[PDB]
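Notes for the one structure printed next.
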Amino acid sequence: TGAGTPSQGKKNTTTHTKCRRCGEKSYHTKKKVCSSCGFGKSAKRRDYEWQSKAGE
Amino acid sequence: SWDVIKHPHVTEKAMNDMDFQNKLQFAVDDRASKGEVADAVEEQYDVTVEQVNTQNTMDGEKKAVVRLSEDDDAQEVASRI
Amino acid sequence: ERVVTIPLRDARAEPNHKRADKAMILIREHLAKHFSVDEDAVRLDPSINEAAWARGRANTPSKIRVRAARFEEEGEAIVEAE
Amino acid sequence: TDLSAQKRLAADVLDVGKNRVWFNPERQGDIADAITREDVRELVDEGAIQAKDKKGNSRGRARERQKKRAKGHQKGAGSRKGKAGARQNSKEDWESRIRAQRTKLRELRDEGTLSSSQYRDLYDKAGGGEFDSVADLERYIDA
Amino acid sequence: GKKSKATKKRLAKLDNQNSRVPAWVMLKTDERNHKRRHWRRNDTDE
RNA sequence: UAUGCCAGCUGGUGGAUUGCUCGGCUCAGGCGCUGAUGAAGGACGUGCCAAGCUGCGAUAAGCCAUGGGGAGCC
RNA sequence: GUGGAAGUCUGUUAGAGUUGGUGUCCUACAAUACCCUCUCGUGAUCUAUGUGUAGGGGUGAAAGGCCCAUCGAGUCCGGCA
RNA sequence: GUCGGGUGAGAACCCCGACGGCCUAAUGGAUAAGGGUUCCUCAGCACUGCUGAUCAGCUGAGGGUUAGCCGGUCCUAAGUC
RNA sequence: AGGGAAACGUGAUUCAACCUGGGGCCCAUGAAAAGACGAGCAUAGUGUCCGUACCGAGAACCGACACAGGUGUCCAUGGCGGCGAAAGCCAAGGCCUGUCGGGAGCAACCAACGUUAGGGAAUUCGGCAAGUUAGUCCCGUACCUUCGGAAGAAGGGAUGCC
RNA sequence: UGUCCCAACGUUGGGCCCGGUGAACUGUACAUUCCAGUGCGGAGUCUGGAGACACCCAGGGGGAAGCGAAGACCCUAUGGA
Ligand SMILES: *C(=O)[C@H](Cc1ccccc1)NC(=O)CCCCCN
Ligand SMILES: [Cl-]
Ligand SMILES: [Cl-]
Ligand SMILES: [Mg+2]
Ligand SMILES: [Mg+2]
Ligand SMILES: [Mg+2]
Ligand SMILES: [Mg+2]
Ligand SMILES: [Mg+2]
Ligand SMILES: [Mg+2]
Ligand SMILES: [Mg+2]
Ligand SMILES: [Mg+2]
Ligand SMILES: [Mg+2]
Ligand SMILES: [Mg+2]
Ligand SMILES: [Mg+2]
Ligand SMILES: [Mg+2]
Ligand SMILES: [Mg+2]
Ligand SMILES: [Mg+2]
Ligand SMILES: [Mg+2]
Ligand SMILES: [Mg+2]
Ligand SMILES: [Mg+2]
Ligand SMILES: [Mg+2]
Ligand SMILES: [Mg+2]
Ligand SMILES: [Mg+2]
Ligand code: NA
Ligand code: NA
Ligand code: NA
Ligand code: NA
Ligand code: NA
Ligand code: NA
Ligand code: NA
Ligand code: NA
Ligand code: NA
Ligand code: NA
Ligand code: NA
Ligand code: NA
């Protein structure tokens, strides 16, 4: 079975959804954790220094 | 504080229910229960509410089909507004 | 008006599963020529259609007797089975 | 005119498949104006709208065949397709035969013709598959 | 699928944002809805 | 002299160029914390008609007071 | 004779698999498709949903196979001009 | 598919009738996920539709989903926080 | 009561659903909890909240597309046929939207395919491709064998209708 | 038994003509070539001859060392894994 087009057919599972905390469609309803703001994992907001160029 | 009744839901279907079944249709606050809708309606129009059916609409609001008692006449209660 | 015998041998030149359609066209082109009228003006009564489709789309008869009449202000022919 | 909507309403009002509803070709204009279910029923009463009859397969030829076969014909080697055990289930057939034989022996015992010992003897032999049929059993009984 | 009350409110809003800029607004501004979303060609969130 | 080559003319296509700047970039002076009295952020609402943006919060492009301002405004 | 066992047989039952045609396609219907042929089809079977295992780590009846068209070390951004 | 006919400025493909066909574990009926208004009505054809279109899943505006006894809700599973 | 234009049947067989038993298997042992029963009857009041449209696919889902791909469940009891949930044909129901048409006996060439005399694998790396055989019953069945099998071995005969 | 001797005729969909829709690959320039020669030793374009009126339709692909891909072989780098 091709890993391409034919394997795209079974994709009717919902995972990422609109987050209650940040509003981004990044709340993983299976994990109950937002990949965008960290809701469900961290009280503090998810943020990293690598989201921008080192000197900026 | 929010009010229960927003305004009368007047459409063709709403008319048929009023002319043929003695029911008034309203757009109410979606936090309102059938009970709260029943009361509010009575206190505002001085009528006897017999039954209330609700529906959360694709317009984002709640719609209530309020049936009055044979003692009251929907057509008339609606005609004064 | 007159009674004419239309030969449908030329419908065999068209792929077999589609004779009926072709036949129906031959009939129209035949009346148009023999009655000096435009193919646009030839009207075929459903009788003819049913006659030609009698045995399905692939089994058309080799001939068909057709009664046609000519007249009016733009010239035309109305035809039917016989 | 476009009467497809009415077709859907007529089908439901008449309670029939859309493909069976008929609209009088001479009344498209009137049916076209039919907007409500009531408008439809009305046209129905005027016979402008009707339901064609559903066919059912004729079983005539089936019955003639059923007769020949019940009489014992049209079942020669050239007409069989399934394996023998397929045409008649051997376990099922044994239940048929052995029950008949046991019922037979059961009657002859109450009837008095057989002593509970002869019966027992015959019964065991039947379950042992000693008798091809009831007839064969009766025959054996008469020594 | 089964939608919740909140989900429904959001779908409702999206449908509403899907209307056109009213005719009068054209006259009032002396002269496009960039948020037009087709149910088939586009995909909503959640 | 068809098909056609080269250059130009009239019209087009295209959006370069020149002119223009409600935006940027950089430097400098001043200033500098907010939050359980629930912030920052987000959601959904809110207009006569209202889709976007802004504002605002069921008192919803707003309510009150004082000062300024002024014959206009929404 | 009865009984009805079996990683048993036949089988396009459903379903699973993918041998040959090195056919059709190969700016495709399709970034793995179509047709015929072929294998399995009561079992170490097939399948939906839920759930667990995470990157020098998983998972692997082991082909360096698979871990979202990405694998002899996934993807994203950063280190980084 | 064909012959007639309807509507329309315009009709091979929008609608009516007949004739002729296609689908039978599906091309029928009910649904899960998933989609999200695509449902119905009216008005339209600049866009979309492998041609055309008076048609439409398209464009615009309205309307439409009613529960003590169908689901959720409650319980606990692998397991998760 | 309802429904039907009307009649508004009676018996039978085979019997999905549903109910209830018996047997066999395991180096495999085939959830749990809430709840219900146990534990009567009248009358009355209460029963809020969320979902409910539509598609469910060769155009409403995933695959950038109205994509010949992919995508779970129930209808497995419609008729003939036959071993059959098989073929073929046909109902109910759906459809003419696996959506561009018109014309030329319609050439060459190409895709799928039918039939080819005599020869019969000479073709080719190779019988690749195609073909042959075929269902059912009766007869009959070698070497070998782990005694199970080999085996539908092979081979021979039959087969309709009335 | 059309795999072959050795091919023929036929069926259906294309192909061909017409209406409508309407891309892509590729393009330093010039370009009607052929035979020889020459040249970095594999030339439509240089040299000598020969041939050559222009445009168009269909074809099967000899050539453009045809299009497609900064050779995956081989070596080299004080490259990587
Ligand atoms: C030897 O002759 C190699 C073998 C090889 C190399 C790489 C991969 C698989 C096999 N063959 C070649 O080098 C052929 C080269 C083709 C060049 C064409 N222009
Ligand atoms: Cl439900
Ligand atoms: Cl028993
Ligand atoms: Mg992969
Ligand atoms: Mg409700
Ligand atoms: Mg047996
Ligand atoms: Mg709308
Ligand atoms: Mg087996
Ligand atoms: Mg098998
Ligand atoms: Mg799983
Ligand atoms: Mg290896
Ligand atoms: Mg519609
Ligand atoms: Mg319309
Ligand atoms: Mg429904
Ligand atoms: Mg389509
Ligand atoms: Mg021969
Ligand atoms: Mg040889
Ligand atoms: Mg040879
Ligand atoms: Mg072969
Ligand atoms: Mg020269
Ligand atoms: Mg290189
Ligand atoms: Mg190497
Ligand atoms: Mg190394
Ligand atoms: Na409202
Ligand atoms: Na969508
Ligand atoms: Na400051
Ligand atoms: Na606005
Ligand atoms: Na035995
Ligand atoms: Na295959
Ligand atoms: Na890694
Ligand atoms: Na980097
Ligand atoms: Na049957
Ligand atoms: Na069409
Ligand atoms: Na042949
Ligand atoms: Na060539």
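Chain labels follow the order of the structure tokens: the first chain is A, the next B, and so on; residue numbering restarts at 1 in every chain, and ligands are counted from 1 in their shown order.
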
Applying 8 Å and only C-alpha atoms (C1' of nucleotides), which residues near segment 60-75 of chain I remain after dropping the ones on its own chain fewer than 4 positions away? List them as an NGL selection string.
(:A and (5-12)) or (:E and (40)) or (:G and (29-30 or 33-34 or 48)) or (:H and (29-32 or 34-35 or 38 or 49 or 57)) or (:I and (55-56 or 98))

Determine which residues of chain E DSSP labels as helix (DSSP H, G or I) from the backbone of this structure, then write them out as a VMD selection string.
chain E and resid 5 to 17 23 to 28

Excluding segment 14-27 of chain J and its own-chain neighbours fewer than 4 positions away, which residues fall within 9 Å of it when counting only C-alpha atoms (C1' of nucleotides)? Please give them as JSON, numbers by chain.
{"G": [27], "H": [50, 51, 52], "I": [100, 101, 102, 103, 104, 106, 107, 109, 110, 111], "J": [58, 67]}

Could you tell me which residues of chain F sit within 8 Å of chain A when counting only C-alpha atoms (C1' of nucleotides), and give me the result as a ChimeraX atom specification?
/F:41-43

If you count only C-alpha atoms (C1' of nucleotides) and all ligand atoms, which residues end up within 8 Å of ligand 9, as a PyMOL selection string?
chain G and resi 10-11+40-41

Considering only C-alpha atoms and all ligand atoms, can you say which of E:44, E:18, E:29, E:7 comes closest to ligand 25?
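Between E:44, E:18, E:29, E:7, the residue approaching ligand 25 most closely is E:44.
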
Env of residue 70 of chain G: 12 Å cut, atoms = only C-alpha atoms (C1' of nucleotides), seq-sep filter 2 positions within chain, self excluded. Answer as a list in words.
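Neighbouring residues, sequence-local ones excluded: residues 3 and 4 of chain A; 67, 68, 74 and 75 of chain G.
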